[PDB]
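See structure below.
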Amino acid sequence: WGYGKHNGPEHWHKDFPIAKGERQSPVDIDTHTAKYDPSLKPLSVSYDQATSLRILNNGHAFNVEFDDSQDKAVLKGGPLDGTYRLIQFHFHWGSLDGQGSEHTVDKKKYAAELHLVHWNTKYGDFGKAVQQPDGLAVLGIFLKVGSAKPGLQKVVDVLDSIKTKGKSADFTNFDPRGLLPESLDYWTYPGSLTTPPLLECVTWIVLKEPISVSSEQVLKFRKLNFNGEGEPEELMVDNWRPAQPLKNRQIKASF
Ligand SMILES: [Hg+2]
Ligand SMILES: [Zn+2]
Numbered sequence: 005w006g007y008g009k010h011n012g013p014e015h016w017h018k019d020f021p022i023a024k025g026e027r028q029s030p031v032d033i034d035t036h037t038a039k040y041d042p043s044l045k046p047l048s049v050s051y052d053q054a055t056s057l058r059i060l061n062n063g064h065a066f067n068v069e070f071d072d073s074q075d076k077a078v079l080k081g082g083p084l085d086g087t088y089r090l091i092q093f094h095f096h097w098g099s100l101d102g103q104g105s106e107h108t109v110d111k112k113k114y115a116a117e118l119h120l121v122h123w124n125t126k127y128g129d130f131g132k133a134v135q136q137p138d139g140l141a142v143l144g145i146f147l148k149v150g151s152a153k154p155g156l157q158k159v160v161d162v163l164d165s166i167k168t169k170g171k172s173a174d175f176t177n178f179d180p181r182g183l184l185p186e187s188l189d190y191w192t193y194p195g196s197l198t199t200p201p202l203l204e205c206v207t208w209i210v211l212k213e214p215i216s217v218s219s220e221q222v223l224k225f226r227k228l229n230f231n232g233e234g235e236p237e238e239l240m241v242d243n244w245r246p247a248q249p250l251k252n253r254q255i256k257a258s259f
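The sequence shown begins at 5 in UniProt numbering and counts up by one.
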């Protein structure tokens with residue numbers, strides 16, 4: 005699987021039949037239909053004690069991995085039940101600034117989308133969490149192009165080191181708090197992961213407020229390679245999945 009013409013999102017169903025399941029993601033957030041829900045608690049992000057380990061190029065995006073051996077970086081509150089531990093963060097971006105995000109807002113597409121992945125700590129590990137309806141929690145943040153994001157520059161600067169598929173680089177003392185918008189206002193719905201295996205185990209929390217990144221920071225994402233070192237060069241761009249049918253599901257708003 006990939007994002008090309010022959011192995012793109014339209015082909016995933018052949019190997020991952022859940023592709024046309026009942027709670028697939030991403031989706032379009034119709035803000036006039038989203039339901040203001042008063043029973044939604046504020047989001048609670050405890051990330052001061054986070055421990056980054058490394059960054060990888062897995063062939064479909066780059067991953068920043070965290071130590072999830074202990075309750076170091078956790079998300080709670082909101083529509084969530086229990087504590088979810090941060091395991092990794094990654095992005096989805098486009099070849100141009102008018103596309104890149106996965107979720108859309110009133111059909112509006114953003115330059116990129118940041119996903120913070122967390123697993124429910126009553127299931128013990130990541131692998132068990134993906135076997136449950138409430139196993140994961142992904143915090144989604146949209147990236148628009150404007151002014152630079154001081155907080156994202158360290159990520160940007162090590163991209164050169166993991167240009168191709170399989171590369172990895174030590175990447176300690178990175179604070180994810182530098183990627184959060186000011187407001188924690190969100191929309192939430194029951195979904196799935198956006199890349200195969202597309203396991204419908206996720207509780208989405210899409211932040212209303214976008215972060216701005218500069219043109220040159222986004223430009224560096226686009227210099228990555230899907231391909232392995234020594235193979236023809238295929239730029240890592242447009243690694244996003246098209247919006248799926250909401251199919252009965254209701255999108256709730258915390259504001
Ligand atoms: Hg699941
Ligand atoms: Zn993602």
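For each residue, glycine too, the CB sits at the ideal point set by N, CA and C.
{"Item": "Could you give the first and the last residue of the continuous beta strand (DSSP E) run that contains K148?", "Value": "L140 to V149"}
{"Item": "If distances are taken between C-alpha atoms only, which option among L79, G104, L100 and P246 comes closest to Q92?", "Value": "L79"}
{"Item": "Give me the Cα-Cα distance between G232 and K169, rounded to the nearest whole angstrom.", "Value": "4 Å"}
{"Item": "Could you tell me which uninterrupted beta strand (DSSP E) segments, each at least 3 residues in length, are contained entirely in the segment 118-193, listed from first to last along the chain?", "Value": "140-149 and 172-174"}
{"Item": "Measuring CB to CB, does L223 end up less than 8 Å from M240?", "Value": "no"}
{"Item": "Taking the Cβ atom as the reference point for each residue, do residue 260 and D129 lie within a distance shorter than 8 Å?", "Value": "Residue 260 is absent from the model: the chain starts at 5 and stops at 259."}
{"Item": "Along the chain, where does the beta strand (DSSP E) containing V210 start, and where does it finish?", "Value": "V206 to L211"}
{"Item": "Can you tell me where the beta strand (DSSP E) holding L57 begins and where it ends?", "Value": "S56 to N61"}
{"Item": "Give the secondary structure of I255 by DSSP, where H, G and I count as helix, E and B as strand, and everything else as coil.", "Value": "coil"}
{"Item": "Taking 7 Å as the cut-off, is the C-beta of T108 nearer than that to any heavy atom in ligand 2?", "Value": "no"}
{"Item": "Taking only heavy atoms of ligand 2 into account, decide whether any of them is closer than 7 Å to the Cβ of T207.", "Value": "no"}
{"Item": "Grab me the residues of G25's own chain with a C-beta within less than 6 Å of its C-beta, minus the 5 sequence neighbours each way, in chain order.", "Value": "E204"}
{"Item": "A257 and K112 look like a contact to me (Cβ under 8 Å); what is the Cβ gap, rounded to whole Å?", "Value": "Not confirmed; about 16 Å, so no contact."}
{"Item": "Could you give the first and the last residue of the continuous alpha helix (DSSP H) run that contains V78?", "Value": "Where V78 is concerned, there is no enclosing alpha helix (DSSP H), although the beta strand (DSSP E) it sits in stretches over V78 to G81."}
{"Item": "Residues in its own chain within less than 6 Å of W97 by CB, not counting five upstream and five downstream?", "Value": "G104, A116 and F225"}
{"Item": "Beta-carbon within less than 8 Å of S218's beta-carbon, same chain only, minus the 5 sequence neighbours each way: which residues are those?", "Value": "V149, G150, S151, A152 and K153"}
{"Item": "State the beta-bridge partners of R89 as determined by DSSP.", "Value": "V78 and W123"}
{"Item": "Is the Cβ-Cβ distance between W208 and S29 less than 8 Å?", "Value": "yes"}
{"Item": "Just to be sure I understand the criterion: a residue counts if its Cβ is closer than 6 Å to at least one heavy atom of ligand 2. Which residues meet that?", "Value": "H94, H96, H119 and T198"}
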